[PDB]
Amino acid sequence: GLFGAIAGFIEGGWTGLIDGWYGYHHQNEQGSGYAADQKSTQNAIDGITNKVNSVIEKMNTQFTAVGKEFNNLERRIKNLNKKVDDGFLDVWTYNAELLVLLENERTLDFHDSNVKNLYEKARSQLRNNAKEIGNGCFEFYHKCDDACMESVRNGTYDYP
């Protein structure tokens, strides 16, 4: 992890989380559960969707490409024509595999960053009203019910 979050200080993922990519768990007096941060999750969906389409927009469409015959006295043009077809083929094959390799690295880092930023957002809200237990978990000092938890999620935990 380039940002230390995913598979970093937050060792594993939650199969229990099924509303988005990033979220909170919470263990209040009223009961536990999971909840996805729609804000960061959607923004991620939009970005990745854009990426996928940007990749596709670049790689043109192939229309009609047919061969050419050559007679026994046109061996040079024939090889020239092959050098041209093999050349562009290799180039485009390179471009496509390379772009995908590079964007796959970016994408995983992108997610890592978002998880990280989310942790810092939550942390910057709770300040000292809760301590960092590690594993991205925040143990509260003052009892926080579901109504309270919810406020932390939508970033309106507005409480001294």
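One rule holds for the numbers: they count along the sequence shown, beginning at 1.
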Legend entry - Mean Cα B-factor comparison, 56-64 or 90-98, giving the higher one as deposited: 56-64
Inset, instruction - Between 11-19 and 145-153, name whichever shows the higher mean Cα B factor according to the PDB entry. - result: 145-153
Inset, instruction - Pick out which of 29, 69, 46, 103 has the highest C-alpha B-factor in the PDB entry. - result: 29
Legend entry - Modelled-residue ranking by C-alpha temperature factor, third containing residue 118: middle
Legend entry - Ranked C-alpha temperature factor of residue 125 among modelled chain residues, by third: highest
Inset, instruction - Can you work out whether the C-alpha temperature factor of residue 42 puts it in the lowest, middle or highest third of the chain? - result: middle
